[PDB]
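Provided below as structure tokens are two forms of one protein chain, presented individually as structure 1 and structure 2.
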Structure 1
């Protein structure tokens, strides 16, 4: 019953599309209002519906699906029998505004709520009257770019620009696009670049020089999260734009990790997000702990040279990245 234990290709044959589309609207509404645990239950139910092997015929049949309970089976049959979901007609008027505000990179549910209770209703209100962090100011000026997904091929060019720049300093550096790119998706919301060195030595100073190299050449246009540490890993989030006409500003995430942590970092950064949460929860039930750095016990780091070792240690069959798209 664990998502991390099954191939996400089951979702490709979604036999209940018009039901999950309406539930997705409700899930998004609960999210932007900060009710994260109710949102999480809807997300879980929707993946369960997407991978069910047939159309849901009845209340009893919907309840036979792990992740579907009484209240969800009720809504499934309401849609199945009426083509409509009455719950959608009573969503608060604030929700689309809170969604608009939380689409700004750097403004979450609490910031969106604060701006709404100040009377703000549009982006023009935020621009002219809201006090913005430097991050939110960059998220606001690239609002429409950051909402658009990029073709697979553009992410390739972005990773290549980072790779060649990193290898100009040390030709041994290994660079890998992760996230939705490594999962084989046709489009990517951002580019997630994982960097390590197989010599196993610490390379503290290279990252700083890599980032200035990308700024000096005009590729990096803004910082969102400047270089920072996470244990022995280093992380940067920023804004790049490929050269030439008709290019959008794209978000770029770069993590540098010691080789000893490569498999677990690669596993995390490949996702999906719900795959990771499912897998980490499974580890917790087995007295273990899974993070970006390591698989541990309740803490002894267990040796994980490759992703397959994590799957094995958790009793899970291996899944190619494309089968983790939950």
Structure 2
């Protein structure tokens, strides 16, 4: 990370634009900051900047000011509202729109939110676990959680394949939450298991709150909730579970393993090749309009393994650790 002074100044602006809802500008900063982080040498020329992909004149100028002026004047013109929008949007379930609305309504603190804001069920849970959801757990605990889910799953069907994905699979030392993918090699015994699984996990008091769980739908694909391991010193942890048909195992695994940036890059590439990649499948011959919107369903390509996805995209396979973008 030879462009540190540059990044921590840009990360400030990135977050500022993000919480304010200027999503694409924030994306631009995100990519540039990214490029900066994974680069070999400090940059010295505003020609040495434009060169780095993800950095144009606009961005270059700002790094220059960060090197020469040793500071970015833009940072001093950030709305005083940003810290509060950040505070608000860090409540699970509240995004930029809700944060801006609360701010516009005069709310400035979580105390204000707690006592006067109309919260959705999800936001109330997010607020209740505000600090907890901002904390990462040692990967070891993520193991205990994956194991807890797997145990409950395999309880009514030992054939069920359960695997922790996300940051865990990419080998990170700490995890923001636990992402568990569940499927079954017989390609059918995965149907309508959420009902049973979630119920057992609730019986033992493991699950404490549900955020997203359309259980009245037998086609439910994901469960997003909160759990807590037994014993003292335990914090509530975010738990995500997806149940996919074996036929989509590779794409689901690839998707759920991420990283998010990596997935988007993969999908953007697939798109340039007339293909479409999703958590369900990799498709080819996908018809699209001038707006890049899928007009034609295309054809689903066989992808029994992640390697296959990379291969079909003409990419060298990458271990999960090599996808931590």
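The term rigid core refers to the most C-alpha atoms you can superpose between the two forms while keeping them within 1.5 Å. Positions refer to the first chain, counted from 1.
Among the candidates 232, 94, 170, 113, displacement between structures 1 and 2 reaches 2 angstroms at the C-alpha for one position only, 232 (superposition on the rigid core).
If you overlay the core, the Cα of residue 202 moves by 4.3 Å between structures 1 and 2. For residue 122, the displacement of the CA atom between structures 1 and 2, after superposition on the rigid core, amounts to 0.4 Å.
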